[PDB]
file work-v8.txt (compact mmCIF, C-alpha atoms)
# COMPACT_ATOMS: atom_id res chain seq x y z
CA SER A 1 50.67 89.64 115.78
CA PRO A 2 49.81 91.36 112.54
CA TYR A 3 46.11 91.18 113.36
CA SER A 4 44.39 94.23 114.79
CA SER A 5 41.84 92.02 116.54
CA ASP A 6 44.48 89.80 118.18
CA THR A 7 45.92 90.28 121.65
CA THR A 8 49.07 92.26 122.34
CA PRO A 9 51.07 92.22 125.59
CA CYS A 10 50.69 95.11 128.01
CA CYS A 11 52.31 96.07 131.29
CA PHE A 12 50.58 97.26 134.45
CA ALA A 13 53.50 97.23 136.89
CA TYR A 14 57.25 97.73 136.51
CA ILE A 15 59.86 95.48 138.10
CA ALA A 16 61.57 97.47 140.87
CA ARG A 17 64.90 95.70 141.25
CA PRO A 18 66.96 94.83 138.15
CA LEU A 19 66.83 91.19 137.07
CA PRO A 20 70.27 89.70 136.34
CA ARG A 21 71.46 91.06 132.99
CA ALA A 22 72.93 87.70 132.00
CA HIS A 23 69.41 86.24 132.23
CA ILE A 24 68.03 88.69 129.65
CA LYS A 25 68.43 87.96 125.94
CA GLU A 26 66.07 90.31 124.13
CA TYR A 27 63.74 93.29 124.48
CA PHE A 28 60.84 95.10 122.82
CA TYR A 29 58.45 97.92 123.69
CA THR A 30 54.78 97.22 124.32
CA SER A 31 52.20 98.55 121.88
CA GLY A 32 51.34 102.24 121.99
CA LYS A 33 47.77 101.08 122.57
CA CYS A 34 48.73 100.01 126.09
CA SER A 35 48.23 102.58 128.85
CA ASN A 36 51.82 102.36 130.12
CA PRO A 37 54.94 103.04 127.94
CA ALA A 38 57.02 100.07 129.10
CA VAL A 39 59.90 97.99 127.82
CA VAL A 40 59.77 94.21 128.06
CA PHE A 41 62.88 92.19 128.81
CA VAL A 42 62.71 88.64 127.46
CA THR A 43 64.46 86.28 129.88
CA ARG A 44 66.39 83.06 129.37
CA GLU A 45 63.25 81.02 130.08
CA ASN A 46 61.20 83.42 127.96
CA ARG A 47 59.43 85.32 130.72
CA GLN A 48 58.25 88.76 129.59
CA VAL A 49 59.40 91.19 132.26
CA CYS A 50 58.04 94.75 132.33
CA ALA A 51 60.33 97.68 133.18
CA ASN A 52 60.27 101.49 133.19
CA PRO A 53 62.39 102.96 130.35
CA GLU A 54 62.86 106.10 132.46
CA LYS A 55 64.88 104.31 135.14
CA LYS A 56 68.66 104.42 134.75
CA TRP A 57 69.27 100.69 135.13
CA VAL A 58 66.59 100.01 132.50
CA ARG A 59 68.05 102.59 130.13
CA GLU A 60 71.47 100.97 130.45
CA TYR A 61 70.10 97.44 130.04
CA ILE A 62 68.43 98.47 126.79
CA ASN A 63 71.64 100.10 125.52
CA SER A 64 73.68 97.02 126.48
CA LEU A 65 71.41 95.03 124.17
CA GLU A 66 72.45 97.02 121.11
CA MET A 67 74.06 95.19 118.19
CA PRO B 2 52.26 85.73 137.21
CA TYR B 3 54.32 88.46 138.86
CA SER B 4 52.61 91.84 138.84
CA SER B 5 55.35 93.00 136.50
CA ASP B 6 54.98 90.30 133.84
CA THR B 7 53.10 91.18 130.67
CA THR B 8 49.48 90.12 130.21
CA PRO B 9 47.51 90.04 126.94
CA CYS B 10 45.03 92.79 126.19
CA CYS B 11 42.52 93.44 123.43
CA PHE B 12 42.03 96.68 121.53
CA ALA B 13 39.70 95.57 118.73
CA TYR B 14 37.17 92.74 118.49
CA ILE B 15 36.95 90.42 115.50
CA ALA B 16 33.82 91.41 113.57
CA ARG B 17 33.12 88.25 111.59
CA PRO B 18 32.72 85.11 113.73
CA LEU B 19 35.69 82.81 113.18
CA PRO B 20 35.12 79.10 112.41
CA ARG B 21 34.17 77.46 115.70
CA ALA B 22 36.08 74.32 114.67
CA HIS B 23 39.21 76.46 114.46
CA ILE B 24 38.95 77.19 118.19
CA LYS B 25 40.69 74.95 120.72
CA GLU B 26 40.30 77.07 123.85
CA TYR B 27 39.36 80.46 125.28
CA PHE B 28 40.12 82.74 128.21
CA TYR B 29 39.22 86.16 129.59
CA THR B 30 41.74 88.97 129.41
CA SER B 31 42.87 90.51 132.69
CA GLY B 32 40.68 93.09 134.36
CA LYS B 33 43.80 95.27 134.23
CA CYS B 34 43.14 95.74 130.52
CA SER B 35 41.08 98.73 129.36
CA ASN B 36 38.63 96.54 127.44
CA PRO B 37 36.77 93.42 128.58
CA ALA B 38 37.30 90.50 126.23
CA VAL B 39 37.06 86.83 125.40
CA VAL B 40 40.13 85.49 123.62
CA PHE B 41 39.70 82.50 121.37
CA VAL B 42 42.89 80.49 121.01
CA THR B 43 42.91 78.98 117.53
CA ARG B 44 44.56 75.84 116.20
CA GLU B 45 47.15 78.13 114.59
CA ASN B 46 47.75 79.49 118.10
CA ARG B 47 46.39 82.93 117.32
CA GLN B 48 44.81 84.80 120.23
CA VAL B 49 41.67 86.30 118.75
CA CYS B 50 39.79 89.03 120.61
CA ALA B 51 35.99 88.94 120.78
CA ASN B 52 33.26 91.01 122.41
CA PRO B 53 31.75 89.09 125.38
CA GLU B 54 28.36 90.73 124.78
CA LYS B 55 27.97 89.38 121.24
CA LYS B 56 25.48 86.55 120.78
CA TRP B 57 27.85 84.37 118.77
CA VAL B 58 30.62 84.87 121.33
CA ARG B 59 28.26 83.84 124.12
CA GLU B 60 27.03 80.76 122.27
CA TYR B 61 30.60 79.91 121.31
CA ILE B 62 31.89 79.88 124.88
CA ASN B 63 28.77 78.07 126.09
CA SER B 64 29.67 75.23 123.73
CA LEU B 65 33.47 75.06 124.07
CA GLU B 66 35.76 73.24 126.52
CA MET B 67 33.54 70.13 126.56

call {"tool": "encode", "arguments": {"input": "work-v8.txt", "output": "structure tokens"}}
result
Amino acid sequence: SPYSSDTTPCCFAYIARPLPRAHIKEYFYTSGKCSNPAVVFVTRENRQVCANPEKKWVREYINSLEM
Amino acid sequence: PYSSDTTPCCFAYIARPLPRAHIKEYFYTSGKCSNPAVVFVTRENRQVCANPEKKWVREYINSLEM
């Protein structure tokens, strides 16, 4: 949302084991307003999965989503 | 609702009360969020944050979902 007073998604736990890469189609980082600096993997059924950018598998997943 | 799925949080409350007729539903943001909040879901599907302690917010929720 463009509205300051509207909700924004935040993460409070990171997924431990990597979700199948083929089931992920997009990603974005949660707002800097959130307490945790997470990445969100958007799945095939549009689930918003939180992950830790510092973890190697997460870093590679993000890179593999480059154009 | 896995612990690792995102959940909506509020960081600012709408100051001016939005048109009550524009509201179709409401819910409370997770206690995991830093701020307590009532979210009014509008007919445009916006998720508007409001302060639960405000009089209008209280009277709004007391008269919705009926």

call {"tool": "residues_near_point", "arguments": {"input": "work-v8.txt", "point": "(69.7, 88.5, 131.3)", "cutoff": "9 Å", "atoms": "all atoms listed in the file", "output": "compact mmCIF listing (two decimals) with C-alpha atoms, in the coordinates of the input"}}
result
# COMPACT_ATOMS: atom_id res chain seq x y z
CA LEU A 19 66.83 91.19 137.07
CA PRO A 20 70.27 89.70 136.34
CA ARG A 21 71.46 91.06 132.99
CA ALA A 22 72.93 87.70 132.00
CA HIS A 23 69.41 86.24 132.23
CA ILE A 24 68.03 88.69 129.65
CA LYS A 25 68.43 87.96 125.94
CA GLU A 26 66.07 90.31 124.13
CA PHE A 41 62.88 92.19 128.81
CA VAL A 42 62.71 88.64 127.46
CA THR A 43 64.46 86.28 129.88
CA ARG A 44 66.39 83.06 129.37

call {"tool": "interface_residues", "arguments": {"input": "work-v8.txt", "of": "chain A", "to": "chain B", "cutoff": "6 Å", "atoms": "all atoms listed in the file", "output": "PyMOL selection string"}}
result
chain A and resi 5-11+13-15+48-50

call {"tool": "closest_residue", "arguments": {"input": "work-v8.txt", "among": "B:46, B:37, B:65, B:31", "to": "residue 12 in chain A", "atoms": "only C-alpha atoms"}}
result
B:31

call {"tool": "residues_near_point", "arguments": {"input": "work-v8.txt", "point": "(55.7, 100.8, 133.1)", "cutoff": "6 Å", "atoms": "only C-alpha atoms", "output": "list in words"}}
result
residues 13, 14, 36, 37, 38, 51 and 52 of chain A

call {"tool": "residues_around", "arguments": {"input": "work-v8.txt", "residues": "residue 57 in chain B", "least_positions_apart": "3", "cutoff": "10 Å", "atoms": "only C-alpha atoms", "output": "ChimeraX atom specification"}}
result
/B:17-19,21,51-54,60-63

call {"tool": "atom_distance", "arguments": {"input": "work-v8.txt", "atom1": "CA of residue 67 in chain A", "atom2": "CA of residue 27 in chain A"}}
result
12.2 Å

call {"tool": "atom_distance", "arguments": {"input": "work-v8.txt", "atom1": "CA of residue 60 in chain A", "atom2": "CA of residue 34 in chain A"}}
result
23.2 Å
